[PDB]
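The structure under discussion appears below in the form of structure tokens.
Nothing in this text is a laboratory measurement; each read-out follows from the coordinates by a stated rule. Cβ sites come from the backbone with ideal geometry, for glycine too, and all protein chains shown count toward neighbours.
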Amino acid sequence: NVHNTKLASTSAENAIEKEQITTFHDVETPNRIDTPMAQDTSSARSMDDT
Amino acid sequence: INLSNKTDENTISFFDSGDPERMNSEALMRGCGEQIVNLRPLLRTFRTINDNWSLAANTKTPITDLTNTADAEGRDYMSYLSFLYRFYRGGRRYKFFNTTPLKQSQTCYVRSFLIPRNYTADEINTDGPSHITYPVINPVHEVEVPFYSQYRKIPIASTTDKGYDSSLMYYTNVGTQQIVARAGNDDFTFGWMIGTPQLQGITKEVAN
Amino acid sequence: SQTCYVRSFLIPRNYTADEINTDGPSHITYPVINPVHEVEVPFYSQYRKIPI
Amino acid sequence: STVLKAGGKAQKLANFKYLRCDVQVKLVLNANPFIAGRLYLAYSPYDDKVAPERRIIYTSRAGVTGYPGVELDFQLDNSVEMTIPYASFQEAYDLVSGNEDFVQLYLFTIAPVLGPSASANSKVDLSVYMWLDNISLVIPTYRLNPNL
Amino acid sequence: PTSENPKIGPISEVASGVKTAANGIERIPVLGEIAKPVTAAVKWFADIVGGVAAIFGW
Amino acid sequence: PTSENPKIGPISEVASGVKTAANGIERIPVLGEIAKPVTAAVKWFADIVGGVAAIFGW
Amino acid sequence: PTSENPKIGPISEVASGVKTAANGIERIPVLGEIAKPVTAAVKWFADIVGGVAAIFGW
Amino acid sequence: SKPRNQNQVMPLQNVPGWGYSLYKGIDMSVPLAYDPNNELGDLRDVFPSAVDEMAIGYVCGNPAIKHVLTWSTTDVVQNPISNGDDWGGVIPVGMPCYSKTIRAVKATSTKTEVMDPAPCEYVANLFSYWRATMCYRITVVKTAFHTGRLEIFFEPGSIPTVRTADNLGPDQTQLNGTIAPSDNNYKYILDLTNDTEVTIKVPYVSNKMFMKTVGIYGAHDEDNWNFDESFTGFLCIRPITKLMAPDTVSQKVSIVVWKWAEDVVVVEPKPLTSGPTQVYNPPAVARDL
Amino acid sequence: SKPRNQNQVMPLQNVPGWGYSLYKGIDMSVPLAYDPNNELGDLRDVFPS
Amino acid sequence: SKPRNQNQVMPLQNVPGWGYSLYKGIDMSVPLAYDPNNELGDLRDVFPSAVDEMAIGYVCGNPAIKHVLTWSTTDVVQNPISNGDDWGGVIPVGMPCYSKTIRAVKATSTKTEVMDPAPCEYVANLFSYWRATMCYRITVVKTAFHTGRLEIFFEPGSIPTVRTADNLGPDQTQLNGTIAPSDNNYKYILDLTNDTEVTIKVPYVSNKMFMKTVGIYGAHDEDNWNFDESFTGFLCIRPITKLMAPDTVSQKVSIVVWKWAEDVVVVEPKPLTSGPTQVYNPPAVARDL
Amino acid sequence: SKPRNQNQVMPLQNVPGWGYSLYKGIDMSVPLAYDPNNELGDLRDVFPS
């Protein structure tokens, strides 16, 4: 509803996140501020392959 | 009762009022005549950054000498709004209204050149595209600077590189005083939205 | 003076010049090439009607 | 830079030149249920290279909270995840010549830690985790950043 | 209208919707003198509700 | 649009493709505010890819 | 071409008849950049061979 | 070949810069370019976000903290919580600013007033009149062992003030349950047993179609009308039930209030202020001006 | 790319304020506004009658 | 018969020469001719070639020799071949110029710097920023009895330089296989047993959309940033295997390098230089200025 | 919202009173009237004939 701001709030009460090596267990799903309608403002993907 | 500190997302409005857009549109029809819904149109408008900008004759002046202060002041919309953002792109437009109170020569003429930003006049040639006016028949020198950039966006901070975007160089054969108004082209805009700075209000002197 | 110019600004009614800024929209003319300064003031009001 | 110089990532960036990356951040907080408080985690691009009047420092609580951030309450949000996008005006970060940072992350205190008028137990402990996202390593080179 | 000027008038005439001798004593509804309600009949309002690219600065 | 000026506006209005109250709090995609992709929608790019005689100096 | 000016450009664009990236290294026939042969394509030549009354002073 | 003119004599006006203050029109600015049809492309893959950050609804929709109050176990019921921050308990409802501090430096003592604006206030300062639906998120920083009842009621009209020579502030003595009963006021009684939060939207109500964007600018004992005329009313936050807290937790809680606006309308592109829009650049030390 | 002018020489008259005493015409008054198409609405619910 | 005016008052601006710096528009130049529609015909049977010699792709596509190196049997492996010409072994990748000589004449000693540009460099000097795919044809002048292996590898970024008071040059000590390994560099190992030639196209790669066209103009110990910022990197030509040659042939070979550009883009029609575009007219003798 | 000019530079001549001696043409005389389209009617029942 609001912009640029994550507001403290409740969430699901059993959150397991896995990031590529590590596995997080949290009491509730974290409050996450991501970027709205994000796009790639670089050209590296156009220069060569990774 | 259960022991917990939680958030139920309770929301309330205080009146059985009509649709806000109805009332707003009626109020505009009755007391404004227009509707501002975006702040880019304000960058398309021209606003004054200096009512008296004095120049010395036969001197190539980069307009940075002025904008570097007119941006920190916050008087125009291109400056006031810049304090809300971190990026910008696009070109700019400047108008120079002549306010010269004396006749310096039988032929007064004004000339504008391009120049990379943050350069000096002794660091650039006078070739390239140009615009020339004669304040006696046309006291308004209107010019536009495109977005000639090595980068798709320009930050509002200091960089290691220099000359990565274009600016304006101003020349005159006589000492002219001018009202300077600037604005953005049909392609200028800002980037990230960030927090606000503090605002300065009325100032007073008090002989305590 | 070598350059005469005329300028018009907005202002709330019944104010003084020391009570308002000089920002906002403006119109400027040069009486020597255009001796007629034509300007229009919209109805920027807190009220739908104004009494006399 | 804070992440590239951590976790042995510089070893896997070595012999490359350009990088486009989004930074992923995660806090994990712990406080006994008898302790309260609130923090604001915000990021300011070019805060170390922009004029002071434009910094997230040197402005007001309202301005600070106007920056992109997340509320971190002790008894509501024991963990928060933040994503900072690619922040360079350039087409990619230079890992060899341009040793530079483009965004500064701050952790602010809205309300101080509130506990009983005791001792050693009225406290809160945090731990910050960082990694990258939306990555692209493209052009190889023989040069290195001595700053790793 | 017989006019030897190709531009018969300075402006484009707008119809009213009035059924009364304008110089007569009978009342004239002032809303039938012109159509300018909260609709696309007004230029800026049509610009807004039609989402043109100029209200955004483009 | 009821205008007594034959030129109702200074410019030619361009449509957006937006489904939102512009003064509302909901996000607005800035790409739907105007169509200016890498296409013949841009004047100089259309000039190039259409091979007009002016880009050659004729 | 999306332009808010009714006059999208200063001039009337003329087509070329070219099948090449103009900024490319492949040759470009300069005769396909414009059609101005000895024909009615040229204004004064069309005036002559069409026998207009102006070439005689009328 | 050379016929005669048949056009009429055009009447003209040498008025350069006609409508340069408008946002729409055909600009006579000469481009220092190669192509007259020079035009950048669209904004795809320029900024980190394809959202329009320049719309008033996206800026005025960015909330900011304006109040952080301290509700102690001593706070009396039906008395505004006035501990911790300025404008204690009272929340002037409006897009303009209501709070300002005075920086006094030196003979003489030069006084300049500073403001702490949210994005809505930053935007409103650019115009003369405003109209909007004001939204407030009232959060309480507590534990599961703090309990209490909080009353947030809306009162329309001017605010009781203790007017000073350089600032304005609320009179907490005219806001007690005796002088200011909430029995005939729109309000929301919030239980803190488990919940912590309530968002409150206040639609626009006034005998005016638009209020002023002046606010506290130049507001003091002598200049006080525009301030009262810049807001639709005020909220007051009073305890219905004293704060309940054992001695195992804090004897106080912090009340955080976020502010933003919805259904926004701005009227005149000129401020109402004595002077221009000016950004406060904090000097290096306290001796500078 | 840069052709030649083919228009004729317009005859003109520097007569500002032409027909300002008439009720009909196109006014050259510059509006101190945001929109050039600034225009109030109709008179519904303005006056008592 | 004589009706009244119904036109409005045109607003105007006495701005002669509006957009004269653009390439497109309607010119108000009066022709000293008979016909206003004076126009030449098309270019059939005017020039010896019906090709367009004015396109950037046809000019920047005309190659020119920029390096003629001498690879002796003494040249060490994994060391750049630095004998015979300036900028030995190193090839700054870009449309601008990288090489210049100083003509010093006389009291005082006036120094003017001269450039040796290929058509791509001549064109780039006319603009502020460039972007292109740089193509290099590396030929070896040898016999069927010379053998060897040649390593041409691309390194992105700034170049190691020995900066002087009036010029810049490569530091050959920071380009040896010890300090500058080619193990993580795009490269092409060329066998000289029978072949002599390899054409190498280097696409555009940089953290910038456009590089500068300044190059070596005014480049020296103090002014060195724009030079580094005018190129995407550099090639280095190092022997993988020493030159093999019996005593019946020359103990050296010449390495000829042609340079041209493809997929060219130029941005600003104004140079980035301190001064204008100036052509060096070699004086009659060495005493002139 | 504020695009660029694409019109050319008009050539002009400040020649007021162009063709005032002719009987046909568009007169630049300002009427001291209310309506710009002020025009009398036809001659029915004005003169005896």
Checklist (1) of a type outside the set (A, V, I, L, M); (2) over 26 Å from I:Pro36 (Cα atoms); (3) in a loop (DSSP other than H, G, I, E, B) applied to F:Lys19, failing item: (2)
Any hit, the range A:30-45, residues being hydroxyl-bearing (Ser, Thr, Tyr), within 14 Å of the chain's Cα centre (by Cα) and either more than 8 Å from chain D (Cβ to nearest Cβ) or closer than 28 Å to H:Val141 by Cβ (or both): yes
Residue satisfying condition, being within 27 Å of K:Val9 (Cα to Cα), within 17 Å of the chain's Cα centre (by Cα) and within 14 Å of chain F (Cβ to nearest Cβ), within set G:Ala35, G:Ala15: G:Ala15
The range C:39-52, residues that are more than 8 Å from chain H (Cβ to nearest Cβ) and either of a type in the set (D, E, K, R) or in a loop (DSSP other than H, G, I, E, B) (or both): C:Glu40, C:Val41, C:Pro42, C:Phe43, C:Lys49, C:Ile50, C:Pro51, C:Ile52
Residue match in the range D:102-110 (condition: out of contact with any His (no Cβ under 8 Å at 6 or more places or on another chain), surrounded by fewer than 19 Cβ atoms within 10 Å (Cβ to Cβ) and away from chain B (no Cβ under 14 Å)): yes
Qualifying residue in the range B:61-82 (condition: out of contact with any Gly (no Cβ under 6 Å at 6 or more places or on another chain), basic (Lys, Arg) and more than 14 Å from chain E (Cβ to nearest Cβ)): yes
Residue within the range I:18-31 that is within 14 Å of chain B (Cβ to nearest Cβ), more than 21 Å from K:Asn7 (Cβ to Cβ) and crowded, with 18+ Cβ neighbours inside 10 Å present: yes
Some residue of the range F:5-16 being farther than 30 Å from E:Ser12 by Cα and surrounded by 16 or more Cβ atoms within 10 Å (Cβ to Cβ): no
Tally of residues being under 10 Å from the mean Cα position of the chain (by Cα) and within 8 Å of chain H (Cβ to nearest Cβ) across the range C:10-23: 2
Residues satisfying the stated conditions in the range J:131-184, i.e. surrounded by fewer than 17 Cβ atoms within 10 Å (Cβ to Cβ), more than 30 Å from G:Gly24 (Cα to Cα) and β-branched (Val, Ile, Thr): J:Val141, J:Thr143, J:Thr147, J:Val162, J:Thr164, J:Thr173, J:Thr178, J:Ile179
Residue count for the range B:182-200, restricted to those that are more than 14 Å from chain D (Cβ to nearest Cβ) and either surrounded by 24 or more Cβ atoms within 10 Å (Cβ to Cβ) or out of contact with any strand residue (DSSP E or B) (no Cβ under 7 Å at 6 or more places or on another chain) (or both): 7
The range H:69-83 - residue that is within 29 Å of B:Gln200 (Cα to Cα) and either crowded, with 17+ Cβ neighbours inside 10 Å or among the acidic types (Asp, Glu) (or both) and, of those, nearest to the chain's Cα centre (by Cα): H:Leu69
Selection status of D:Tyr43, within 27 Å of H:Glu121 (Cβ to Cβ) and touching a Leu at 6+ places or on another chain (Cβ under 7 Å): yes
Sole residue being within 14 Å of chain F (Cβ to nearest Cβ) and among the β-branched types (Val, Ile, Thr), chosen from G:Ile48, G:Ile8, G:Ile25: G:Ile8
Qualifying residue in the range J:207-214 (condition: closer than 24 Å to J:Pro96 by Cα, in contact with a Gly (Cβ under 8 Å, 6 or more places away or on another chain) and among the β-branched types (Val, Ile, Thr)): no
Single residue of the range A:1-29 satisfying the filter (assigned to a strand (DSSP E or B) and of a type outside the set (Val, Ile, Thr)) that is farthest from the other protein chains (Cβ to nearest Cβ): A:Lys18
Residue ID - surrounded by the fewest Cβ atoms within 10 Å (Cβ to Cβ), chosen from residues in the range B:149-159 that are within 7 Å of chain D (Cβ to nearest Cβ) and part of a loop (DSSP other than H, G, I, E, B): B:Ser158
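Each row is one residue, and each column tells you yes or no for (1) more than 24 Å from J:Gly218 (Cβ to Cβ); (2) of a type in the set (D, E, K, R); (3) not in a loop (DSSP other than H, G, I, E, B).
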position	(1), (2), (3)
B:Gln104	yes, no, no
B:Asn118	no, no, no
B:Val136	yes, no, no
B:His141	yes, no, yes
B:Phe147	yes, no, no
B:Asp161	no, yes, no
B:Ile179	yes, no, yes
Failed criterion for B:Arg92 (all others in (1) within 14 Å of chain J (Cβ to nearest Cβ); (2) within 26 Å of J:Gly275 (Cα to Cα) hold): (1)
H:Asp221 assigned to a strand (DSSP E or B), of a type in the set (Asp, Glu) and either more than 14 Å from chain C (Cβ to nearest Cβ) or under 30 Å from F:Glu26 (Cβ atoms) (or both): no
Members of the range B:83-101 found to be in contact with an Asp or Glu (Cβ under 9 Å, 6 or more places away or on another chain) and closer than 11 Å to B:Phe188 by Cβ, listed by number: B:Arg89, B:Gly90, B:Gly91, B:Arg92, B:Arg93
Residues within the range D:21-63 that are within 22 Å of H:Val68 (Cα to Cα) and at the interface with another protein chain (Cβ under 7 Å from one of its Cβ atoms), tallied: 12
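This table checks each residue for (1) closer than 30 Å to G:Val52 by Cα; (2) within 7 Å of another protein chain (Cβ to nearest Cβ); (3) assigned to a loop (DSSP other than H, G, I, E, B).
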| site | (1), (2), (3) |
| --- | --- |
| H:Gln8 | yes, yes, yes |
| H:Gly17 | no, yes, yes |
| H:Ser21 | no, yes, yes |
| H:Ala33 | no, yes, yes |
| H:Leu40 | no, yes, yes |
| H:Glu53 | no, yes, yes |
| H:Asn62 | no, yes, yes |
| H:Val68 | no, yes, no |
| H:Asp86 | no, no, yes |
Cβ-Cβ under 6 Å pairs, at least 6 apart or on other chains, the range J:6-23 side more than 17 Å from C:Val36 (Cβ to Cβ), far side assigned to a loop (DSSP other than H, G, I, E, B) and among the aromatic types (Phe, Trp, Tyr): J:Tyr23/H:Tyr34
